[PDB]
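Chains as they are written, first to last, in our numbering: chain G, 1 to 180; chain V, 1001 to 1060. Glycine included, every Cβ here is placed at the ideal spot set by N, Cα and C.
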């Protein structure tokens, strides 16, 4: 039923102020904040030959927040000049229940990654800046990521033009686009 | 009088000295213009999203 319009964003590692101040100023929110979490992709597909990803992104800096998981894949060919995303389906989880259910039903951890950066929001949009590290479980590619994403029901792709205009607003700093 | 003072230092020598000073000033100005003409363009610098885009994270 629901859908998504997640757009990919990649800025140089040194260009940080021109992004943080512009996003804090143009139109995001009042009183911004940050975050920290690590993702755990999984896959359980024996004969179907379609590994379904289950990102159990748990916020390590959160006070027992649920392991909000999302399923994304199979980008729909809409050709609406949008972020070229697919339908999304969020799913909350309990404390250590994601790993528990992954072990019960049977899953294979494809990889593990951690993220850390600042947070931003919008009206019907959402942009996030963070940095990915490559380290063991106890604790980088030198490239930040602007996570301009939209998650909403199908509707009529009205938010696509708004997201395109918002990206054109931040054109002097970055240049968002789709991905394969 | 047409010079108000002197005979050898009259309007002739005054005009000669003024022309010499004007030639020196014009040479200085031409040198300054030739030195300033070297400016090609205000080449600023910004982020490089062209590489990090393909280098962005993925399922890999």
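Nearest to residue 82(G) by alpha carbon, out of 169(G), 56(G) and 160(G)?
Against the first chain, residue 82(G) aligns to sequence position 82. Of the candidates 169(G), 56(G) and 160(G), the one whose C-alpha sits nearest the C-alpha of residue 82(G) is 160(G).
For the stretch 21-28 of chain G against the stretch 83-97 of chain G, do three or more pairs of beta-carbon atoms, one drawn from each stretch, fall closer than 8 Å, so that the two count as touching?
no
Provide the residue(s) that pair with residue 117(G) in DSSP beta bridges, ordered along the chain.
Against the first chain, residue 117(G) aligns to sequence position 117. Partner(s): 35(G).
Quick one: using the 10 Å Cβ neighbour count with 16 as the cut-off for buried, is residue 8(G) buried or exposed?
Taking the first chain and counting its residues from 1, one reaches residue 8(G) at position 8. That one is buried.
Around the C-beta of residue 1049(V), are 16 or more other C-beta atoms found within 10 angstroms, so that it is buried, or is it exposed?
For this step, residue 1049(V) is matched to residue 49 along the second chain. That one is buried.
I think residue 142(G) touches residue 28(G), with their Cβ atoms under 8 Å apart; what is that distance to the nearest whole Å?
Looking up residue 142(G) in the first chain gives position 142. Looking up residue 28(G) in the first chain gives position 28. Not confirmed; about 25 Å, so no contact.
Classification of residue 176(G) by the beta-carbon crowding that lies within 10 angstroms, buried from 16 upward
The residue you call residue 176(G) lines up with position 176 of the first chain. Residue 176(G) should be labelled buried.
So that I know if they touch, is there some Cβ in chain V lying closer than 8 Å to that of residue 8(G)?
In the first chain, residue 8(G) corresponds to position 8, counting from 1. Yes, contact with chain V.
Can you say whether residue 58(G) is buried or exposed, counting buried as having 16 or more other CB atoms within 10 angstroms of its CB?
Position 58 of the first chain, counting from 1, holds the residue named residue 58(G). Burial call: buried.
When you compare the CB positions of residue 120(G) and residue 32(G), do they come within less than 8 Å of one another, or not?
The residue labelled residue 120(G) in the question sits at position 120 within the first chain. The residue labelled residue 32(G) in the question sits at position 32 within the first chain. Their beta carbons are under 8 Å apart, which means residue 120(G) touches residue 32(G) by this criterion.
On the DSSP letters alone, give me the boundaries of the beta strand (DSSP E) that residue 133(G) sits inside.
Along the first chain, one-based indexing puts residue 133(G) at 133. Residues 129-133.
With 8 Å as the limit, tell me which residues of the stretch 1020-1050 of chain V have their beta carbon closer than that to any beta carbon of chain G; keep them in chain order.
1046, 1047, 1048 and 1049
Where the alpha helix (DSSP H) containing residue 167(G) begins and where it ends:
Taking the first chain and counting its residues from 1, one reaches residue 167(G) at position 167. Run containing residue 167(G): 158-169, per the alpha helix (DSSP H) assignment.
Quick one: residues in its chain with C-beta nearer than 8 Å to the C-beta of residue 140(G), no 5 flanking neighbours on either side, listed in chain order?
Locating residue 140(G) in the first chain gives position 140, counting from the first residue. Only 131, 132, 133 and 134 meet the Cβ criterion.
Report the partner residues of residue 151(G) according to the DSSP bridge assignment.
Stepping through the first chain from its first residue, residue 151(G) is reached at position 151. Paired residue(s): 4(G).
Residue 122(G) CB to nearest heavy atom of the ligand ADP below 7 Å:
Ligands are entirely absent from the displayed structure, and the ligand ADP is therefore not among its contents.
Between the stretch 41-73 of chain G and chain V, which residues of the former have CB atoms less than 7 Å from a CB of the latter, in chain order?
none
Does chain V have any CB closer than 8 Å to the CB of residue 175(G)?
Indexing the first chain from 1 puts residue 175(G) at position 175. Yes, its Cβ sits closer than 8 Å to a Cβ of chain V.
Please classify residue 115(G): is it buried, with 16 or more other beta-carbons within 10 angstroms of its beta-carbon, or exposed?
Sequence index remark: in the first chain, residue 115(G) carries index 115 (1-based). By the 10 Å Cβ count, residue 115(G) comes out buried.
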